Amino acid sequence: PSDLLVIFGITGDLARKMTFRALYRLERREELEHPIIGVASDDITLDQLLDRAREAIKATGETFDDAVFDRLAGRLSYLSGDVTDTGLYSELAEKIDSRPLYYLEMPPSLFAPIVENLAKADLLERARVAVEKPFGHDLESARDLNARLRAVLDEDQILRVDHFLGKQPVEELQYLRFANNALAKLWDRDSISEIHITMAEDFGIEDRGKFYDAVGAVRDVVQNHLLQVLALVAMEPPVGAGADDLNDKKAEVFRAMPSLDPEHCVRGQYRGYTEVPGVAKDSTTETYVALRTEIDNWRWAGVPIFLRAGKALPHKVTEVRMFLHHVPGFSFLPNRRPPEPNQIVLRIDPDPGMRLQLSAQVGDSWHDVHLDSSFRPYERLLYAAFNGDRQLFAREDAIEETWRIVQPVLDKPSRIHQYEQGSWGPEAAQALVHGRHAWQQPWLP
């Protein structure tokens, strides 16, 4: 683990919205044990920064305790300067035998110049660098950024921070799959006919409309978050407990996926989106996407995978729903076939859990049976980054594969379908699954 936290961009928006609060909460849980150096261009004093931190934490609605804050302030120092100027880094070198985590909450155009400067001042040897999203908007841009970082950093020093990944129950979903033989036996194409992934948020674009309008749902949730979720569900078991062992298995999944077919991709935009501040009146940007893909390997060949994600849907829920085949044969006999086949349902967020849907006879009635059980993201990622736990941080090979996968939809986007806020999305998403299993009502907490 690191023993020093250095934050570039400590006076920016993300620091104000999330980072200061997250540091405060880690301090409250007594999980901060090391100094923190804030870096920015603002010509202010440490006391002014502390005032800014205090206000930012109180503004979030977090319960404020002065003793906790005073411990945090005691760890904090501030260094002002220009991130393109070697003098800043000479000064930084005086403040730093350390094992620093450099956390860059700065514009992406500055990631490379900062890292290149840290290198010139010999400040990377025992370091890691965490970069805030975005880290690319397509395959070529991600490759260019990545080439500049890798010129001075090993892959294992690079932590690509995506807040959605902080919601993933990575260890728990592995244990569910790999420690339970009743489930592991079912977890392939011989039992599973079809998979549906649903990511629904019951709110619109609340802020940063100008930023969202240049990103869109595909880049925002599909490329990294949802594909990573699919990989966790679909991957072969890792041969070890480390992060690279896990990332080896995820990359294998993506390598067996063909690139998306734009004709099997449906793009939606909620009515009212064009009136959000920062969004262009003629925007073609999607707030919803539904698509069909597949994993063409021994475990999953021929199993269609349908994915839908979108803003302003009826609920907040992320689900992976796996449909089993019916028991084969015996169409000529009664009482061998329920109206719907068995299903394994994984709620990823919120309140993660698993539901096994079966059918049962009671008297001369047959009915569905639900076998249910159970099994912050920002602070989790920050703590993990500091401790060098890379499980929640996508590795370069996966990034490049997932960009390859989504690129055709970015290059030839299909026409926008409008949908009402609070609906399940455009009707054209129903047509996607026409000869298959209908989109089901998601399992809610």
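Note that residue numbering begins at 1 and tracks the sequence as displayed.
Unmodelled residues of the deposited sequence between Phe375 and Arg376: 4 to 9. A chain break between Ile96 and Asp97 is present, corresponding to 1 to 3 residues of the deposited sequence without coordinates. Of the two stretches examined, 221-229 and 146-154, the record assigns the greater average C-alpha temperature factor to 146-154. A summary of the deposited B-factors shows that, of 300-308 and 285-293, the stretch with the larger mean C-alpha value is 285-293. Across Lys250, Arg71, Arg177, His196, the greatest Cα temperature factor reported in the deposited entry is at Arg71. When the C-alpha B factors of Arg337, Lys185, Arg208, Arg160 are read from the deposited coordinates, the top value falls at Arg208.
In the PDB entry, a CA B factor belonging to the highest third of its chain's modelled residues is recorded for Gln407.
Annotation for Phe323: C-alpha temperature factor in the lowest third relative to the rest of the modelled chain, per the entry.
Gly272 sits in the highest third of its chain by CA B factor, as recorded in the PDB entry. For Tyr212, the recorded CA B-factor ranks within the highest third of the chain. Only modelled residues enter the ranking. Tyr78: CA B factor in the middle third of modelled residues in this chain (values from the PDB entry).
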